[PDB]
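*Asks:* Numbering (PDB author numbering), first residue to last: 13 to 506.
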Ligand SMILES: N=C(N)SCc1cc(Br)cc(CSC(=N)N)c1
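#1: Given that a residue counts as buried once 16 or more other Cβ atoms are within 10 Å of its Cβ, and exposed if not, what is residue 440?
#2: Would you say residue 230 touches ligand 1, meaning its beta carbon is less than 6 Å from a heavy atom?
#3: Kindly indicate the opening and closing residues of the alpha helix (DSSP H) around residue 161.
#4: Examine ligand 1 and report whether any of its heavy atoms sits within less than 6 Å of the Cβ of residue 459.
#5: At a cut-off of 6 Å, would you count residue 98 as near ligand 1, judging by its Cβ distance to the nearest heavy atom?
#6: Can you give the beta carbon distance from residue 136 to residue 336, rounded, assuming they're within the 8 Å contact cut?
#7: Where residue 69 and residue 453 are concerned, what is the direct C-alpha to C-alpha distance, given to the nearest angstrom?
#8: Please list, in chain order, all residues of the same chain as residue 203 whose beta carbon is under 6 Å from its beta carbon, the five residues on each side excluded.
#9: CB residue 47 to CB residue 174, shorter than 7 Å?
#10: Residue 286 and residue 185 - do their beta-carbons sit closer together than 7 Å?
#11: Could you tell me which residues DSSP puts in a beta bridge with residue 174?
#12: In chain order, what residues of the same chain have a beta carbon less than 8 Å from the beta carbon of residue 35, not counting five sequence neighbours either side?
#13: Report the rounded CA-to-CA distance for residue 473 versus residue 479, giving the unit in angstroms.
#14: Going by DSSP in three states, residue 63 sits in which element: helix, strand or coil?
#15: Please report the straight-line C-alpha distance between residue 127 and residue 380, rounded to a whole angstrom.
#16: Is the beta carbon of residue 411 within less than 6 Å of some heavy atom of ligand 1?
#17: Since residue 142 is in the alpha helix (DSSP H), which residue starts that stretch and which ends it?
#18: Please report the distance separating the alpha-carbon of residue 32 from that of residue 86.
#19: If you follow the alpha helix (DSSP H) that residue 352 is in, where does it begin and where does it stop?
#20: Am I right that residue 93 and residue 258 are in contact with their C-beta atoms under 8 Å? What's the rounded C-beta distance?
#21: Which of the three DSSP states, helix, strand or coil, is assigned to residue 314?
#22: Could you tell me the alpha carbon to alpha carbon distance between residue 243 and residue 233, rounded to whole angstroms?
#23: Compare the C-alpha of residue 7 against each of 431, 147 and 117 and name the closest.
#24: Considering Cα atoms alone, identify which of 210, 328, 231 and 260 is closest to residue 190.
#25: Please confirm if the segment 107-122 is in contact with the segment 358-373, defined as three or more CB-CB distances below 8 Å between the two stretches.
#26: For the candidate residues 500, 460 and 270, whose alpha-carbon lies nearest to that of residue 77?
#27: Are the beta-carbon atoms belonging to residue 156 and residue 421 less than 7 Å from one another?
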């Protein structure tokens with residue numbers, strides 16, 4: 013009847029005032045969430061923003077990282093304090109019908125992340141092992157056995173394995189930046205929160221600063237990682253009777269998550285400065301993973317003689333495919349964990365890790381294999397671009413499910429009926445939290461129509477444009493209705 017009954021309150025080792033050694037024990041939950049923020053679903057958008065506004069959007073990365081840290085800290089606090097995950101809190105403060113709606117929505121969000129992971133991983137297979145595109149997908153489907161072997165390891169090592177993957181994809185891109193020898197003075201200048209980023213004056217590659225900046229901002233949090241954090245934060249036993257120990261545990265999880273998400277922000281910055289320093293101005297014409305592979309494998313695309321020699325030696329691209337693999341391994345873990353969390357919390361369905369990963373991977377690869385079928389039937393022509401378009405269209409479910417995950421979390425963490433007058437949110441975070449929640453919900457409701465219209469490709473059918481407008485208005489109004497319903501229920505609780 014409690015979240016993650018298998019590893020809930022497993023190891024609690026806070027000894028005296030030796031926080032650091034204690035810090036070393038529970039450092040796992042942060043990495044599991046951070047690694048999700050390093051998925052290839054936005055690798056191109058970082059390199060693209062870099063080429064279009066070199067070292068300019070680096071401050072937006074920092075701000076988005078700060079906001080994600082804020083919301084993930086709120087989720088970890090809810091988990092730590094109430095000894096229950098966000099799904100459970102929401103399902104208990106709301107009817108089964110809304111619980112089921114949220115369940116399906118977050119299933120679709122984790123499935124979109126899984127589609128991105130499978131596409132990136134199958135393409136990484138294609139590139140590294142030259143496995144046929146269609147076989148790389150059916151090979152990635154074999155991650156259920158990797159999950160079986162992963163089940164017997166334990167979180168002291170599983171979370172360390174996630175840290176291993178994190179540093180893998182981090183050093184892969186830091187090595188190529190070390191060889192680039194970029195102008196770190198312009199990097200520090202970009203990291204400042206300048207107003208050039210919010211302006212609309214430059215229009216490089218049909219992308220203005222305000223557009224790329226707002227996209228980074230709206231793309232701040234991942235709804236499934238909220239639930240993941242509120243569930244994994246309970247893996248450390250807490251007495252829930254000593255305010256000093258619970259406030260200490262809050263500091264623990266905060267420092268952990270902030271380290272890990274800082275690692276993630278550093279990875280995003282590395283992607284941006286990768287697009288700026290490594291690649292030549294506008295060299296990247298194909299955002300696809302294959303596009304970036306050949307661009308890193310073509311010496312005329314780099315901006316340094318050393319990088320030219322290395323790219324001709326065919327290393328930069330291989331390290332990129334490796335990072336693709338390291339990033340696609342994330343879903344197998346976190347998607348399963350978070351999906352189990354959301355099932356067992358929203359619909360009270362106890363399923364094993366066997367049939368979970370199976371159904372998720374199948375539903376994810378269905379569209380992938382359909383896309384591959386259609387493109388290879390047109391002759392593997394634009395097959396990688398079509399895969400990237402699928403990857404990017406999948407990301408609409410995240411916009412669909414984000415409010416129904418952030419508004420409830422903020423409400424339940426601010427209410428004393430859930431946290432008490434001692435551990436509720438400060439007046440400081442009350443303002444920042446609500447501001448960020450409003451901003452993101454607005455941006456995502458906006459992006460709903462953009463994505464729905466992008467479903468019809470870059471060919472604007474006049475009759476299909478009005479249909480897209482109708483569908484988008486309907487979806488945004490339905491989300492508005494669901495949001496006000498959830499607000500009413502939660503405020504009735506509080
Ligand atoms: N890195 C990832 N796996 S998701 C980044 C992200 C998160 C949300 Br939430 C919404 C969007 C789409 S924002 C748009 N419609 N332009 C993107």
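Where is the CB? At the ideal position from N, CA and C, for every residue including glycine.
*Replies:* This is what the structure holds:
#1: Classified as exposed, residue 440 has fewer than 16 neighbouring CB atoms from the shown chains inside 10 Å of its CB.
#2: Result yes, Cβ under 6 Å from ligand 1.
#3: From DSSP, the alpha helix (DSSP H) with residue 161 extends over 155-163.
#4: Checking every heavy atom of ligand 1 against the Cβ of residue 459, one is found closer than 6 Å.
#5: Checking every heavy atom of ligand 1 against the Cβ of residue 98, none is found closer than 6 Å.
#6: Sure, about 3 Å apart at Cβ, within 8 Å.
#7: Going from the Cα of residue 69 to the Cα of residue 453 covers about 21 Å.
#8: If we look at residue 203 and ignore the five residues flanking it on each side, its Cβ neighbours are 70 and 71.
#9: Inclusion of residue 47 and residue 174 in the CB contact set at 7 Å is warranted, their separation being smaller than that value.
#10: Taking 7 Å as the cut-off, the beta carbon of residue 185 is found closer than this to the beta carbon of residue 286.
#11: Paired residue(s): none; residue 174 is not in a bridge.
#12: So the qualifying residues of the chain are 264, 267 and 268.
#13: Straight-line spacing of the CA atoms in residue 473 and residue 479 works out to 10 Å.
#14: Residue 63 falls in the helix class under three-state DSSP.
#15: If I take the Cα positions, the gap works out to 7 Å.
#16: The answer is yes for residue 411.
#17: Careful: residue 142 lies outside any alpha helix (DSSP H) and carries neither H nor E.
#18: Residue 32 and residue 86: Cα-Cα distance of roughly 22 Å.
#19: Element bounds for residue 352: 328-358.
#20: By a beta-carbon distance limit of 8 Å, residue 93 contacts residue 258. Their separation comes to about 7 Å.
#21: The answer is strand: DSSP assigns residue 314 an E or B state.
#22: Between residue 243 and residue 233, the C-alpha separation is close to 16 Å.
#23: With the chain running from 13 to 506 in the structure shown, residue 7 is simply not present.
#24: Nearest C-alpha to residue 190: 328.
#25: Yes: at least three Cβ pairs fall under 8 Å.
#26: Of 500, 460 and 270, the residue nearest in Cα terms is 270.
#27: No; because the gap between Cβ atoms is not below 7 Å, this pair is not in contact.
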